[PDB]
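**Q** pasting an experimental structure with its sequence.
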Amino acid sequence: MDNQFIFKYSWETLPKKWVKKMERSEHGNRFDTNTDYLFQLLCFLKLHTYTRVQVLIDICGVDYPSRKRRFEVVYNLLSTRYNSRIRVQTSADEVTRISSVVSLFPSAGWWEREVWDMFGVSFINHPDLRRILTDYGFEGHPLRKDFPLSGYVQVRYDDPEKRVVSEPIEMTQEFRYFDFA
Amino acid sequence: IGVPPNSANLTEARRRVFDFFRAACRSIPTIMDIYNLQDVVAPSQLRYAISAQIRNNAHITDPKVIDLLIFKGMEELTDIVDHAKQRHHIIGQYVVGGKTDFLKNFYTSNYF
Amino acid sequence: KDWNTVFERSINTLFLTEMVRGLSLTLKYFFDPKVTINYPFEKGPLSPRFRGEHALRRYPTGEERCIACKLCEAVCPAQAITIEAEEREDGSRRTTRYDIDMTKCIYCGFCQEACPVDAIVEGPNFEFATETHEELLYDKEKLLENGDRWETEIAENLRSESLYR
Amino acid sequence: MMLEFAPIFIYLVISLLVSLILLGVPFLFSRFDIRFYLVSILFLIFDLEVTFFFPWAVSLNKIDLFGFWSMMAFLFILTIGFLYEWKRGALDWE
Amino acid sequence: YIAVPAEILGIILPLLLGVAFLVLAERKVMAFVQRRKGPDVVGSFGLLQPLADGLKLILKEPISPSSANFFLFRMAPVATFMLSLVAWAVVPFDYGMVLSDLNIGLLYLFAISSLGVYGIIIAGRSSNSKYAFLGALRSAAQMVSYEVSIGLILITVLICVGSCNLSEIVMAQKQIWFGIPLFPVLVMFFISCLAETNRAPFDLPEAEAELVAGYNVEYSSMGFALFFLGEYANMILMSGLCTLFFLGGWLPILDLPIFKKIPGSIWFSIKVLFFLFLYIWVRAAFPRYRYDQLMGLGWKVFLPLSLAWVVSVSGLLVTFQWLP
Amino acid sequence: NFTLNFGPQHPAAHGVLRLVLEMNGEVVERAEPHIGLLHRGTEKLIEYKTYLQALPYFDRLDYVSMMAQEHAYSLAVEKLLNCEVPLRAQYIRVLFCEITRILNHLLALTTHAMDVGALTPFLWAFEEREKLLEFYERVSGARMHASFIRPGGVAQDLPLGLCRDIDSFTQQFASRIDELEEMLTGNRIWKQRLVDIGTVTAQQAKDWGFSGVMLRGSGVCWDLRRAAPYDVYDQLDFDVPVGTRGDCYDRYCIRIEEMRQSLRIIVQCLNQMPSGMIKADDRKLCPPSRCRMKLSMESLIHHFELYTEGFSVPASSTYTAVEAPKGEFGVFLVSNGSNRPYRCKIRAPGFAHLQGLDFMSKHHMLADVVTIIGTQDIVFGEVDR
Amino acid sequence: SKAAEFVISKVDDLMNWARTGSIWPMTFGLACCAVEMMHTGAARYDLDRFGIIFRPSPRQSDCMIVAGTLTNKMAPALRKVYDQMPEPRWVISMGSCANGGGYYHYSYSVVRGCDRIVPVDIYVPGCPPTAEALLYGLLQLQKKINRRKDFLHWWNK
Amino acid sequence: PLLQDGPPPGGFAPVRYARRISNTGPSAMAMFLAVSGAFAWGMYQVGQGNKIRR
Amino acid sequence: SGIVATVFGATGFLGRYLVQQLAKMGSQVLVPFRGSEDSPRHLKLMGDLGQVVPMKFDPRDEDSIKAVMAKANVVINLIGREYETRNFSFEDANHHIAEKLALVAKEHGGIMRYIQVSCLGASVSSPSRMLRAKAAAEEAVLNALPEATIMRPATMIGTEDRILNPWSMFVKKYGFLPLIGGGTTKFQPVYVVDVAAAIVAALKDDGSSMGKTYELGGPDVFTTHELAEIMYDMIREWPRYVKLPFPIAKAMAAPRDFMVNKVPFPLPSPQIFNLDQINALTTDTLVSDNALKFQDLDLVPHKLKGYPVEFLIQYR
Amino acid sequence: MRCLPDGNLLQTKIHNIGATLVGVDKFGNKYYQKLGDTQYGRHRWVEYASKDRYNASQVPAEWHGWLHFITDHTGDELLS
Ligand SMILES: NC(=O)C1=CN([C@@H]2O[C@H](COP(=O)(O)OP(=O)(O)OC[C@H]3O[C@@H](n4cnc5c(N)ncnc54)[C@H](OP(=O)(O)O)[C@@H]3O)[C@@H](O)[C@H]2O)C=CC1
Ligand code: SF4
Ligand code: SF4
Ligand code: SF4
């Protein structure tokens, strides 16, 4: 089962309205789909006899500030049955909720929490969507390109209050940007 | 339990806004106990800050934005009750408990 | 299955036969020599490539090797290096400031690779723990002092490693 | 004779004094688990079994076969109790 | 009676020194098995390490958490330490070398063993920590469980001897040591002593890495020291009982004039030292059981075997009229 | 149900491990790991680095398998650049990948043993770790974060006499494995702590994205060195051990057998090691030698460019994965044509494995939780990034 | 006071000897630096041969080694464990991350040096410091403990 | 230069990777017979000692 | 700020709040200590790298005093003790060090601002010997430095205070609380943070605090009894009191005063039965209407209820 | 007499039995070797001049490489 067979067989068998873009390349076979079809496309690929995509390797977001739908959500999937990989991507914005695939691949649960934490994209029907990496009470989504590298707040011990507290950042030496272009 | 779909209309969104406000207000006694606010602020002042927050966003017309605001409010409330980060006159992001502004800003610094 | 195999299984269970073997091999290392190093009288082995405390080097005449190219500052993954430079009174291109924050540095050796004149090196010293954070903010003079103290070992190491780089 | 118990008492007092010196010199510079009740009951029963064995073991040379068989009957009753406890899962802690 | 305190001190002080050095010997033998050196810097061959750790511990500030059981919290380590000390009044080291020649000394030892649980229980409850309390309950349960087997083994020995006097038990082994015919009983006794002293492979309080907080987790400074010292003094005692009951106490290996030249206290010490080496050797050799596994072992393996051995020994001696 | 908040807070178990357990007495009902205690924003920081400056971040993800992640990152860059790596370099990269596998398994196996009470094998295994740590130091000058495997090959050639010292290590290593086995394998206590603990079926392993030993324990024959080979793994003989029961005892036996197979690979790399360059010859991506840089204008210009600007990578995106000691380690790299990565998503096997702690530990005793965490082989540097 | 000073100095030497010869550190293994610290306790360097025994609870600890990156999320947990340590207590910062933030200094989630949370007595440089470097740092801790005169200061207070 | 680290002429000596087995133990009937004989003869000796003590 | 301040006696209760507030305004703080190096250790946490610098000194050594002051242009004195030790008398700790500090600061010549911290009831005709020595220091510091600023806080409340903590310790260890004067003495207890805020405010003004003496008291007046109700409400325990008349209280506070200057070894500090503080309790100590209060420094003091007593949670 | 309190020095004294003097540096530190095979042939040690208050940083740079097996040249050969 080579990438030549997957590209051709997916063109013949998939419903046409699901896939808007198909890229066959040595970097990877990629299927771009609308958000309303992502869940169904991933269920087809998992259950169909000639694809048997049973493992969701991971889900990640990419931020494209110059785009109307700035977020790209990428699903890297694997078929151990046919020894092949597939990439399924869809686009999203700051307020549009997309479908969760936890009911298809239980491993998606923590990855979708990471996407919500890092980018602010929300997932319909996710059993427990809350931040997973950042500190409690964190504000913002650090992987957005407009989020500053050093953030907005920092912590320190405050003896009068006998506790660790958060205050606006003060940098002894700033990050030096070296524009080498 | 799961994240519900995006609200169809402002009636669905408002039902959700009312539901959140009710949950936020019903947790007020728990917060007062966690942060020991019995001698700092009144429970109604906590209620006013929550209703204020909601009233500042009364000009939003897009149900998707309202859903995101409710989700972020629910997340903020859960942290305050479960993982309290105690600061004296501050709960989360809420301060609890003859010259114009220009001349004050001028006296302070050159950056307004 | 068989009264003889059942018997052997029962006896092995009741008399802890496999627990004896673990005891026997445990006792064998009791009498053998130990591998402990008697630090600080004895030390562990290191190599000429070891990445330790940074140092600034001079030419044998006493002139500094550094010509403030700032390549090390640019390549540094931790942004631990700060450099200021200007023309010296004799027209030479030299730093007026060369700071390495030893608490930001990740001891990667990228700076030593980037330097075109073998001026900045990671020397072999690894025993330089301090009592204050500020003592680990190395300025140019501290770095040149390190170079003077460790020059004999640094030069020998560079001769050794000049066949690989 | 009970004379030999007096050194035990003086020993206890001295041990107490040592305990207090060691402990004092530094002051100068809602979930009921029935399986614990069940292990307590088992221990109590077999505690009484060890207790009734002490006189028997020292008296075996005089009581002869009659005493041996009466102790065996005693054990048989208590071991039937033990088998009941075993089959009922009182000896399982998983 | 005026010189009785001198005898008691000549027992208690060397025992506290012997415990200090047992801790050192445990650290040395485990180190050597692991190809390491062990404490060898603080004093020549590390021989001053016990003194340094003891002085460090007494120089540590006490903590005393804000609990409603201030008195019991401090009393629990005293209780266990005292219990560990007081058992030695009846231990004979040689013929005539014993503080109290109790005719009921066997039952007295069993009673002290039975009292040992209260220090752990009380420490766990008085700590105001559910982790400490749960760990304490499990340790107490394990101790009482293995006390049953210890007691039934004591009964086997008593049947052979016919007297509770410890010196009489030793002197009844002149013909033959009891560990030869009753070697399985000796094995089960040594294992039951490991489980009663909470030692590896049964050391639940050591399994903090395993999400099991021990009963002494809240203790610091000298209360923590008293718990540790009581536990180690119990290990020397259990090694002394293994020696008295099955290895013929102070008697020589062979009834020969060459072996009778070295005194009985040396024989007793050497056998005690063999057993203390095995306590450490086992710690160094095996992993540990879970709580449920060792509880199952206690009730389902060691109670039945101990009971069966009582029946078999008494029946064999009654049949052929070999009773004492 | 009462809740137990148990966070092993020292090298005893991980160190940033924090678990919320719901118990029924001693039986575990639900396990909820709380993570992010080691989240340092590595993925955000990488976007501000050139491709060379981001390389040391990979040594610090699974900080027990340092060179294996450097390999994965270098392979991803070589893939997008279409860079050819000399044969000698490929053999050195495979040789040190398998050395890195042994370092990992030695630590994973003996730290798990120490947590269940076997204190001795940790000490024996760490003296073998020191010998292998010496090989890291002799090639790179660092014991752990070598930064030795780079896009295009390796940083430096092997010092004379290193291959002989590795051969002397291999001659004796089988005996060291046999002693770790004799301590644990046959021992009835060891078997009671691991047999039928944390059973995973093959469907469960695929559903939760398990990889490596966590997947091969369930009888699924899947190793990326054979399924999607890279470097010279296709010229090497080794077996892929698989389990038959999918519990903690199979995964222990597999990790032991995997060290014997790693030893086998290292021997073949030693014997088949060819002469030649250790760096791709192209003069746009690899530093010149010191003598060349100090004698040739072209070489100096290239050196200046490489250590200030860094190389550019043409705009594209791809996912690259290797068989790391802990499972499939993947890098989703997005290039925008510039000298800094636009996006670097790091796929860590421990992220998938720790997420499956809840179903693996269900209805198990409290003391089995550490055993299950041990067989998963969790390092939070890669879980949290 | 030609006699009381001599007796005070001997008491203080004895207290210093006890405290340097018995250092029981509570390990705070956070990241890669913990692995080098595990090697320090292992057979080749054998911290136990110096009387150094690693304890699991802060109640029984004289010293805390911060070995690895401290995040904002973990900072309160570190400080709480420090506050449970009975006096006298010392802190050793191990590695660039714990010293000043290291490779992650400019991150949004990292504490830029553990000395912002607890007071630090010894800083051990390196990323990671070698096992021998940590051993050198612990011997520097012993050098600072030996400068203490706890009896003399209390006598004069 | 031209000298690079590598195998010696003919390659390194072969190394074993497989578990070499060990048959060490009396096992089975040896231990059971030893223990049973010890029990019987030692209990007879216990009888003799008790008679002497009497 | 370019302020380099040498704060004497910063290793005590008020000192930690002052150093933190001085670190906030960017001032570099020098912290002279007389004993162990672990006494200023908690102050290093405050401020940036190199901002808080502890330095060893000897109260009875003029050389060390000018050594630690040689680099500063602001000097704050907090040194003082409420009890007696055989080595330092009330006048030794409350007046002789204070005067010596003013004299070296006068021979320094570079000390722009000098602040001496005193007690509210510091008067020459005061029953307490501590307050008498305090008042003598007030005049002596002024005589040596007319431009100095005196501050007179009342009994300060905070985590490490010596009033509510010893009461709570006593109540938990015995079950009752004694009243040394029937719980009728009127004092104005002040949050310790407010005192530090006042000192920083006096350092930040346009020069309009030099030569004056401020009386810092809490926003509300309290009796010994009324303060004890705040303590009982916070620690969630049943109030129980034993009225102890003055001649019975002085009797229990006689031994330590009697034998402190005779026995050759140190004595524990007195918590509640300190004779000098009992003598202060005979008369009310309130803020005079003609003095300069918190309102003079554009400051409003914090009411005791709430956070200022939140540390009492640890006793429940 | 330092051997009684300082067990670290004693271990060096015992291992010194049968060793060979390689050189002495400026500070008085003495350098020994055995030429055996116990720790894989690593038998280089230093006996510090100060029997008390010795410290690892007292080894000069000329002898540091020898002591750490970085080089086979002694401090004397390097200085020449
Ligand atoms: N209730 C209160 O707290 C009130 C106090 N005040 C006054 O305010 C000042 C500061 O208060 P507070 O911080 O609570 O006081 P503390 O007693 O807690 O601290 C006093 C400071 O002075 C030092 N000190 C004490 N005696 C001597 C001495 N003989 N030689 C050298 N240094 C010495 C102490 O150092 P060390 O720790 O080393 O002893 C400490 O740093 C004091 O002068 C006090 O009298 C004002 C009103 C009431
Ligand atoms: S070692 Fe690396 S991180 Fe440190 S200064 Fe040199 S280049 Fe920068
Ligand atoms: S040290 Fe080297 S690389 Fe750095 S500025 Fe000087 S000459 Fe350039
Ligand atoms: S200092 Fe370096 S080795 Fe240590 S934890 Fe930080 S990144 Fe890892």
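**A** Sure, I can see it. Residues are numbered from 1 along each chain as shown, chains lettered A, B, ... in the order given. Ligands and ions are numbered 1, 2, ... in the order given.

**Q** tell me, how many residues neighbour the nearest residue to residue E:260 once chain neighbours are set aside?
**A** Once flanking residues are discounted, residue E:260 sits nearest to residue E:252: 5.8 Å by CB to CB, 6 or more residues apart in numbering or on different chains. In this view, the C-beta of every residue, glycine as well, is placed from N, C-alpha and C. When neighbours are counted by other CB atoms under 10 Å in any protein chain shown, residue E:252 registers 17.

**Q** near chain J at all, the host helix or strand of residue C:141?
**A** Assessed by DSSP states H and E, residue C:141 sits inside helix C:140-161. Yes. Applying CB under 8 Å from any CB of the partner chain, one finds helix C:140-161 in contact with chain J at C:149-153, C:156-157, C:160.

**Q** wait, residue H:7 sits on residue F:268?
**A** No. Counting by CB atoms under 8 Å, residue H:7 does not reach residue F:268; the two are 11.0 Å apart.

**Q** of these two, which one has the most company?
**A** Using other CB under 10 Å, the more surrounded residue of residue H:7 and residue F:268 is residue F:268, with 18 against 15.

**Q** is that one in a helix, a strand, or coil?
**A** Under DSSP: H, G, I helix; E, B strand; the rest coil, residue F:268 falls in the helix class.

**Q** show me what contacts the residue nearest to residue E:260?
**A** Residues in contact with residue E:252 (CB atoms under 8 Å, 6 or more residues apart in numbering or on different chains) are E:259-260, E:262, E:264, E:267.

**Q** now for these: which two are most distant?
**A** The distance between the two most remote of these (CB to CB) is 10.7 Å, for E:259 and E:264.

**Q** more neighbours, these two?
**A** residue E:264 (20 against 12).

**Q** the more buried one - nearest residue in space that isn't next to it in sequence?
**A** Distances taken as CB to CB, 6+ apart place residue E:250 nearest to residue E:264, at 3.1 Å, with adjacent residues excluded.

**Q** still on that earlier bit, with neighbour count added, can I get the residues of helix C:140-161 next to chain J in JSON lines?
**A** Formatted as JSON lines, these follow (neighbours: other CB atoms under 10 Å in any protein chain shown):
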{"residue": "C:149", "neighbour count": "16"}
{"residue": "C:150", "neighbour count": "24"}
{"residue": "C:151", "neighbour count": "17"}
{"residue": "C:152", "neighbour count": "19"}
{"residue": "C:153", "neighbour count": "26"}
{"residue": "C:156", "neighbour count": "20"}
{"residue": "C:157", "neighbour count": "22"}
{"residue": "C:160", "neighbour count": "16"}
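
**Q** which strand or helix spans residue E:245?
**A** helix E:221-246.

**Q** try residue G:14
**A** Using DSSP H and E, residue G:14 sits in helix G:4-21.

**Q** chain center to that helix: distance?
**A** Relative to its chain's centre, helix G:4-21 lies at 21 Å (CA atoms, centre = their mean, to the nearest Å).

**Q** does chain E sit close to it?
**A** Yes. Using CB under 8 Å from any CB, helix G:4-21 reaches chain E at G:14-15, G:17-19, G:21.

**Q** does chain E have contacts with the helix or strand following that helix?
**A** Scanning forward in sequence from helix G:4-21 by DSSP H and E, the next helix or strand is strand G:25-29. No. Judged by CB under 8 Å from any CB, strand G:25-29 stays clear of chain E, getting no closer than 11.4 Å.

**Q** strand G:25-29 close to chain F?
**A** Yes. Using CB under 8 Å from any CB, strand G:25-29 reaches chain F at G:26-29.
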